[PDB]
Amino acid sequence: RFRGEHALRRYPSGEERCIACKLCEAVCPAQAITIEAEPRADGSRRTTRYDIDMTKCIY
Amino acid sequence: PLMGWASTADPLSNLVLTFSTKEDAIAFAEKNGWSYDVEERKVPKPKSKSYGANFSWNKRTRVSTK
Amino acid sequence: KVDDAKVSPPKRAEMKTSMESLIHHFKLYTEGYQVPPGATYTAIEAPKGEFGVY
Amino acid sequence: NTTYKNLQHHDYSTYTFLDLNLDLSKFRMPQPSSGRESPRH
Amino acid sequence: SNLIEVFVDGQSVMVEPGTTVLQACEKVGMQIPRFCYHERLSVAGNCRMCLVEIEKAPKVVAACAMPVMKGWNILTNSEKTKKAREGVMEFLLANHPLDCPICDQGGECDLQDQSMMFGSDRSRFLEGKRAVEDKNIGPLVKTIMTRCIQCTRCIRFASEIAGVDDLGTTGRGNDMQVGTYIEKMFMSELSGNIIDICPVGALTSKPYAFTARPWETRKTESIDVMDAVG
Amino acid sequence: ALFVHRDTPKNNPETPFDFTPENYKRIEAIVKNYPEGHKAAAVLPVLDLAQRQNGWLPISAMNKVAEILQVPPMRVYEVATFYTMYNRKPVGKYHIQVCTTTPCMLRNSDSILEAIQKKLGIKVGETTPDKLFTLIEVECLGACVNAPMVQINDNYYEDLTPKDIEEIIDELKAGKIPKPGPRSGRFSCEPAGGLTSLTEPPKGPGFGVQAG
Amino acid sequence: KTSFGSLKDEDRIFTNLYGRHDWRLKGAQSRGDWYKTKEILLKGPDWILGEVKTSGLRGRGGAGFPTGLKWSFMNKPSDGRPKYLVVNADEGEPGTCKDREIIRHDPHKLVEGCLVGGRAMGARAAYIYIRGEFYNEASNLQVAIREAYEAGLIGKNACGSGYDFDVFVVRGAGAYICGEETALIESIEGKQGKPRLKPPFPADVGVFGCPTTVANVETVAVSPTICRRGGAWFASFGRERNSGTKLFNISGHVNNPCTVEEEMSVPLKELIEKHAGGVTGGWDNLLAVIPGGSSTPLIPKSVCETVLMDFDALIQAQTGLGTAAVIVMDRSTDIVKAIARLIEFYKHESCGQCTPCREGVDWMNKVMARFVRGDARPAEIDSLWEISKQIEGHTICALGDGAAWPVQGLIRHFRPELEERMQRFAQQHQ
Ligand SMILES: Cc1cc2nc3c(=O)[nH]c(=O)nc-3n(C[C@H](O)[C@H](O)[C@H](O)COP(=O)(O)O)c2cc1C
Ligand code: SF4
Ligand code: SF4
Ligand code: SF4
Ligand code: SF4
Ligand code: FES
Ligand code: FES
Numbered sequence: 060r061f062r063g064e065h066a067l068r069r070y071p072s073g074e075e076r077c078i079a080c081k082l083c084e085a086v087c088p089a090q091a092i093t094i095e096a097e098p099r100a101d102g103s104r105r106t107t108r109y110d111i112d113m114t115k116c117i118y
Numbered sequence: 068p069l070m071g072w073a074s075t076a077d078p079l080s081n082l083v084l085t086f087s088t089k090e091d092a093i094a095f096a097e098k099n100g101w102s103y104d105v106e107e108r109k110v111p112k113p114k115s116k117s118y119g120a121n122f123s124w125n126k127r128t129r130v131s132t133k
Numbered sequence: 324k325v326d327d328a329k330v331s332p333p334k335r336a337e338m339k340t341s342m343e344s345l346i347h348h349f350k351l352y353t354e355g356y357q358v359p360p361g362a363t364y365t366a367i368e369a370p371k372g373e374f375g376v377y
Numbered sequence: 035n036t037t038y039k040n041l042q043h044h045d046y047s048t049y050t051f052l053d054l055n056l057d058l059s060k061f062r063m064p065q066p067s068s069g070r071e072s073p074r075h
Numbered sequence: 006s007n008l009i010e011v012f013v014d015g016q017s018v019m020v021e022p023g024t025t026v027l028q029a030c031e032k033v034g035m036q037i038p039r040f041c042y043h044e045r046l047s048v049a050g051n052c053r054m055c056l057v058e059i060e061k062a063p064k065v066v067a068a069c070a071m072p073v074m075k076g077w078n079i080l081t082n083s084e085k086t087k088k089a090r091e092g093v094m095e096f097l098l099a100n101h102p103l104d105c106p107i108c109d110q111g112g113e114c115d116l117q118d119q120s121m122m123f124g125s126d127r128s129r130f131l132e133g134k135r136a137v138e139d140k141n142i143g144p145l146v147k148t149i150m151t152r153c154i155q156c157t158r159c160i161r162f163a164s165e166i167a168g169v170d171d172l173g174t175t176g177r178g179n180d181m182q183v184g185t186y187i188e189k190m191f192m193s194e195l196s197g198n199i200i201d202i203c204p205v206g207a208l209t210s211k212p213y214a215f216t217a218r219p220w221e222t223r224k225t226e227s228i229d230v231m232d233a234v235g
Numbered sequence: 005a006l007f008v009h010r011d012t013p014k015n016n017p018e019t020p021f022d023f024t025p026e027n028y029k030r031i032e033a034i035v036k037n038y039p040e041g042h043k044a045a046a047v048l049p050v051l052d053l054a055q056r057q058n059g060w061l062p063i064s065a066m067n068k069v070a071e072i073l074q075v076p077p078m079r080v081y082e083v084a085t086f087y088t089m090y091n092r093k094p095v096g097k098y099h100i101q102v103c104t105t106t107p108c109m110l111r112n113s114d115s116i117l118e119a120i121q122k123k124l125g126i127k128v129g130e131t132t133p134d135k136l137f138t139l140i141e142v143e144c145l146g147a148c149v150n151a152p153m154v155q156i157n158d159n160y161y162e163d164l165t166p167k168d169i170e171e172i173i174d175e176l177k178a179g180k181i182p183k184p185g186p187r188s189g190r191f192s193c194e195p196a197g198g199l200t201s202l203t204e205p206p207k208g209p210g211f212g213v214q215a216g
Numbered sequence: 009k010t011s012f013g014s015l016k017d018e019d020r021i022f023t024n025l026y027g028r029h030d031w032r033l034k035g036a037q038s039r040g041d042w043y044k045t046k047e048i049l050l051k052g053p054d055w056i057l058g059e060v061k062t063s064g065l066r067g068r069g070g071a072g073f074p075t076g077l078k079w080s081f082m083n084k085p086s087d088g089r090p091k092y093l094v095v096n097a098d099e100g101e102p103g104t105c106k107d108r109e110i111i112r113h114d115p116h117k118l119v120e121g122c123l124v125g126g127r128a129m130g131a132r133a134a135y136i137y138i139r140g141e142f143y144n145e146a147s148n149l150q151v152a153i154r155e156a157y158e159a160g161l162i163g164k165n166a167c168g169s170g171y172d173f174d175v176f177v178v179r180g181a182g183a184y185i186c187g188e189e190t191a192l193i194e195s196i197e198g199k200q201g202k203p204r205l206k207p208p209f210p211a212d213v214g215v216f217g218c219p220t221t222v223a224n225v226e227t228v229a230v231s232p233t234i235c236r237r238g239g240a241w242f243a244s245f246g247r248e249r250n251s252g253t254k255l256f257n258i259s260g261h262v263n264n265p266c267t268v269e270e271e272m273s274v275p276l277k278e279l280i281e282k283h284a285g286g287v288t289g290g291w292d293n294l295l296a297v298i299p300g301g302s303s304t305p306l307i308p309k310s311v312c313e314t315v316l317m318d319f320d321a322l323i324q325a326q327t328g329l330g331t332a333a334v335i336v337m338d339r340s341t342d343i344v345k346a347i348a349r350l351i352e353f354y355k356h357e358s359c360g361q362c363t364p365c366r367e368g369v370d371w372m373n374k375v376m377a378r379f380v381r382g383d384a385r386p387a388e389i390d391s392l393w394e395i396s397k398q399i400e401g402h403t404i405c406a407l408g409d410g411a412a413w414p415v416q417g418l419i420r421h422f423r424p425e426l427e428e429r430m431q432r433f434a435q436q437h438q
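Protein chains in written order, with PDB author numbering: chain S8, 60 to 118; chain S4, 68 to 133; chain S2, 324 to 377; chain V3, 35 to 75; chain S1, 6 to 235; chain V2, 5 to 216; chain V1, 9 to 438.
Next comes the structure, spelled out in structure tokens:
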């Protein structure tokens with residue numbers, strides 16, 4: 060249970076696991092997350108901009 | 068211009084000061100010097116509604132759905 | 324943890340199938356739980372000394 | 035009397051309820067009106 | 006000269022004739038929690054949330070639609086008032102789907118706020134949880150109809166402000182689909198004002214749909230244009 | 005069972021649909037029974053006329069009833085989706101209601117359900133690859149005091165057994181129709197022992213009353 | 009005071025159970041209709057209400073509200089808004105045939121009684137609501153209306169005297185909820201049948217805004233008999249709160265299941281075996297007995313051998329007496345299965361106004377499925393007990409309450425079969 064790299068996951072042969080539900084930026088105690096979300100042409104709600112500052116991220 | 072963020076040259080941009088009466092608000096603002104715009108408080112206006120009036124006979128307030 | 328789930332968030336199983344535990348997870352991490360008004364103080368023994376917090 | 039005095043019900047066609055309502059539409063006192071003819075007029 | 010005496014937990018206050026328990030309880034500051042009642046429309050009673058143990062009565066009664074006899078005492082903070090709220094709030098979340106991320110009312114739900122502040126925590130109702138598939142009401146209003154808690158707020162708004170009469174209840178028991186039966190894309194005026202009426206995340210804005218969740222955005226006073234009324 | 009319309013023509017307004025002027029006279033009798041000011045109260049009997057006229061109501065029937073009673077159609081769509089006697093699917097000539105809940109199910113309607121199933125072939129709740137055999141089981145009707153019951157087009161059949169099922173259904177194939185009343189003798193809802201009811205010809209107004 | 013009471017002949021309030029001398033107003037006159045009614049009418053409605061509260065009519069249909077209080081609320085001074093009388097004639101509580109017998113064999117006493125009620129409270133027109141199941145009996149009612157109009161004595165200027173009174177008939181469309189007290193009113197209004205809120209009473213706002221009321225059919229039938237007969241002659245049969253004659257019907261599981269008039273109390277063993285054949289398999293074969301119908305908790309064997317049949321008695325047994333289905337059920341079926349099917353009926357007919365009945369009957373339907381298959385833990389059966397404590401009375405109508413009570417009675421009495429069922433499912437999966 061080390062806390063390192065800030066990686067993402069994805070579904071089994073599937074798309075991006077993030078819904079862009081903004082909880083991580085709502086909790087991020089130095090606000091280093093920056094989420095701007097949009098839907099795409101499909102209909103499932105997704106993102107546009109998912110930025111982690113590594114400076115502010117206290118891990 | 069590197070990340071698409073909204074910087075500002077406004078240190079005062081995220082002040083908020085929640086008070087309890089208009090008098091002390093104005094007293095503080097004039098005590099600390101800068102100008103101020105007062106908008107007045109607006110309660111919801113009390114009404115006169117009843118379920119029997121939603122069951123009218125020759126009055127047009129009629130529920131029409133349920 | 325406490326079983327008073329309105330303070331500590333629940334765990335993953337009930338989180339992935341509840342409704343109340345999902346809502347509690349969601350709002351508990353967005354807003355933060357409400358804390359009744361008043362001023363407290365306490366102090367424990369840090370290995371320095373009186374670690375007090377007010 | 036131990037015989038089924040009915041079967042007067044037996045002949046009833048599927049229109050007869052509205053037939054009886056149809057023919058018994060005399061002495062219809064005015065079903066008292068009120069202001070507008072309808073809730074929305 | 007046209008007064009009614011009530012005690013709100015001992016604190017006396019005076020009530021105009023014919024009004025509700027709820028307007029006087031909101032007169033002393035205690036907002037009894039509500040779902041079907043909203044002051045711009047008539048009074049349904051179908052959300053049942055406003056039960057309050059009003060004395061010398063074994064049956065706990067609604068407060069959005071109670072005539073106010075002289076000399077009440079209105080017990081809000083009792084035992085079985087809380088037990089009735091626990092029961093009702095546990096009943097709402099049975100057939101409501103786990104959508105609070107992809108719901109568009111994360112900061113602005115009503116089940117979320119009032120079920121934190123009034124409800125249970127350990128859920129039950131282990132299996133089941135039916136779902137009603139959505140409709141296509143109008144391309145300006147995105148519409149999910151599994152989250153409809155059938156609260157009959159959009160219906161009364163239609164028939165009593167819009168006058169359009171296109172939304173109806175359909176069915177019995179658990180199966181009450183709410184909408185227009187005939188594949189008609191409902192288009193009328195003030196249909197943009199229905200996404201502010203629907204208290205839960207079941208009628209959202211279509212063009213706004215998935216760009217922000219409302220704790221980030223700051224709120225600011227301004228004056229309208231394009232109509233001469235503001 | 006799919007409470008949104010989704011046209012599928014042989015529906016799809018306008019399906020051409022109109023009544024008989026005799027039925028128009030029924031219409032005016034019906035909305036002249038109710039008081040003026042509340043014309044919208046005869047929606048269900050007008051819709052009953054539409055069903056009894058044309059065995060199931062299409063959507064153009066609902067537009068017709070709405071323009072006749074000068075209402076928005078949405079109330080008619082509510083009342084159509086709300087009740088039981090109005091079947092928005094097209095049905096056959098004869099309709100079958102196999103009623104079975106509390107005495108009806110415990111007095112072995114499952115024998116009758118098996119009999120109806122393996123005589124007719126089409127499964128429970130469904131329709132048939134001909135007319136006159138839209139079979140649905142239903143909940144309680146009221147006439148419980150006998151064997152579990154059958155409603156066909158405004159008629160009953162009680163005191164059942166699969167040989168009577170064979171007979172009645174072969175005769176509805178043939179076109180001949182037996183009685184609404186009970187079977188196994190006992191010509192009404194009777195105490196079926198040795199007539200434990202009243203026996204004497206009752207007196208009525210003749211004997212001791214008071215103030216009249 | 010009687011020793012628990014039984015049928016004493018000719019003290020039957022209404023004869024002609026079935027198929028008697030004719031089916032006619034002439035036979036109604038021979039059996040006791042249209043006799044000296046004008047002298048009762050022209051004394052003033054206050055004396056009619058005095059006659060009824062002298063008789064002390066307990067209200068029927070399984071509620072308990074006495075008729076005298078209701079129709080004494082109906083003594084409002086008549087304003088510009090007319091007064092209406094609504095005769096309810098659905099048969100819920102599956103097992104019923106309460107007034108199916110009455111409206112199939114004698115509509116005339118109902119016509120007499122609705123005339124009585126229309127005089128007795130200032131009513132002006134009476135709408136009679138028949139269930140949609142009953143086209144043929146409804147047309148019998150239509151023939152009787154034609155006979156009473158063709159007599160020229162109801163309709164306009166009744167009994168000769170200048171007193172018009174019109175009566176109509178509205179069909180049902182199939183519901184349990186149209187039988188209730190207020191969803192009836194708005195089902196007549198053309199909107200879909202859904203109850204209102206109670207503290208605006210029907211006697212203040214009713215059908216479109218009229219001071220109206222709703223009578224059960226047995227009240228309509230008993231009304232002109234007590235008007236034409238003596239005061240408290242009705243009251244001589246049974247106790248003091250409840251009084252009079254009632255249809256106790258075994259529609260269910262005995263040899264020759266049938267319907268009988270009796271007095272207000274009866275010993276239950278006489279009631280079951282000494283009138284209607286015998287119990288299927290004898291007295292000791294049955295598992296239990298439900299009184300009332302379907303909105304009533306069960307009564308087990310050790311309670312059914314001793315308890316008399318009064319309204320106060322079934323209050324003392326924590327149940328509620330309704331009508332027409334006071335029946336046994338055998339050990340040979342599982343009472344869990346029977347009550348679970350009744351819960352499925354409750355789901356299939358309930359309106360969707362109140363949240364709690366909607367979702368409570370949803371859970372209880374699925375949980376009784378998981379009990380018939382037996383796939384739960386004992387905390388689930390106490391969970392069902394807790395939720396049946398939550399639902400009760402927290403709705404508009406009493407369908408939710410009458411869904412609370414059977415689960416209650418099953419939990420209060422028949423725990424051991426539930427435990428053995430769950431144990432056998434453990435033996436099955438293991
Ligand atoms: C759960 C419920 C079901 C009812 N079902 C029926 C019914 O099937 N038929 C009927 O005539 N009345 C029905 N009623 C109404 C009662 O019979 C009620 O007692 C009636 O409105 C007046 O009867 P009373 O004045 O003699 O007590 C129902 C009421 C409730 C609460
Ligand atoms: S927005 Fe944040 S919390 Fe939500 S799915 Fe994406 S990474 Fe997870
Ligand atoms: S769509 Fe929304 S406002 Fe309308 S009944 Fe459903 S939950 Fe209420
Ligand atoms: S309305 Fe939206 S936020 Fe509220 S409980 Fe439903 S899915 Fe969650
Ligand atoms: S308890 Fe159920 S059936 Fe009764 S009024 Fe409420 S929602 Fe309707
Ligand atoms: S607020 Fe919905 S019931 Fe009173
Ligand atoms: S249950 Fe079959 S008719 Fe009542």
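Where is the CB? At the ideal position from N, CA and C, for every residue including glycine.
On the DSSP bridge assignment, give the partners of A296 (chain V1) in chain order.
-> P308 (chain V1) and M337 (chain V1)
What residues from chain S1 crowd round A96 (chain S8), counting only those whose CB sits closer than 9 Å?
-> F215, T216, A217 and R218
Beta-carbon proximity check, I351 (chain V1) vs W393 (chain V1), cutoff 8 Å | No, the Cβ-Cβ distance between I351 (chain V1) and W393 (chain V1) is not below 8 Å.
From which residue to which residue does the alpha helix (DSSP H) around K122 (chain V2) run?
-> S113 to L124
Can you tell which of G88 (chain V1), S80 (chain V1), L329 (chain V1) and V60 (chain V1) has its C-alpha closest to the C-alpha of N125 (chain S4)?
-> When only C-alpha atoms are compared, the closest one is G88 (chain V1).
Nearest CA to the CA of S63 (chain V1): which residue from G160 (chain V1), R236 (chain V1) and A146 (chain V1)?
-> With distances taken between Cα atoms, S63 (chain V1) lies closest to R236 (chain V1).
Drop a sphere of 10 angstroms on the beta-carbon of residue 63 (chain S4), count the other beta-carbons inside from all chains shown, and report buried for 16 or more, exposed for fewer.
-> For residue 63 (chain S4) there is no data in the structure shown, the boundaries of chain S4 being 68 and 133.
Curious, which full-length alpha helix (DSSP H) runs of at least 4 residues does the stretch 68-121 of chain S1 contain?
-> 85-97
What does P85 (chain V1) pair with, by DSSP beta-bridge criteria?
-> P85 (chain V1) is not bridged to any residue.
Run down chain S1 in chain order and give the residues with a C-beta less than 8 Å from the C-beta of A328 (chain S2).
-> Counting only Cβ-Cβ distances below 8 Å, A328 (chain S2) has contacts in chain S1 at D126 and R127, in chain order.
Determine which residues of the stretch 146-159 of chain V1 have a Cβ less than 8 Å from any Cβ of chain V3, and write them out in chain order.
-> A146, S147, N148, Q150, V151, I153, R154 and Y157
Please classify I94 (chain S8): does DSSP put it in a helix, a strand, or coil?
-> strand
Cβ-based contacts, 8 Å cut-off: residues of the stretch 55-67 of chain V3 near chain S4 | Only those residues of the stretch 55-67 of chain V3 whose C-beta falls short of 8 Å from the nearest C-beta of chain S4 would be listed, and there are none.
Rounded to whole angstroms, what's the CA-CA distance from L136 (chain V2) to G59 (chain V2)? Just pull it up for me.
-> 11 Å
Are the C-beta of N121 (chain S4) and some C-beta of chain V2 separated by less than 8 Å?
-> Cβ-Cβ to chain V2 under 8 Å: no for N121 (chain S4).
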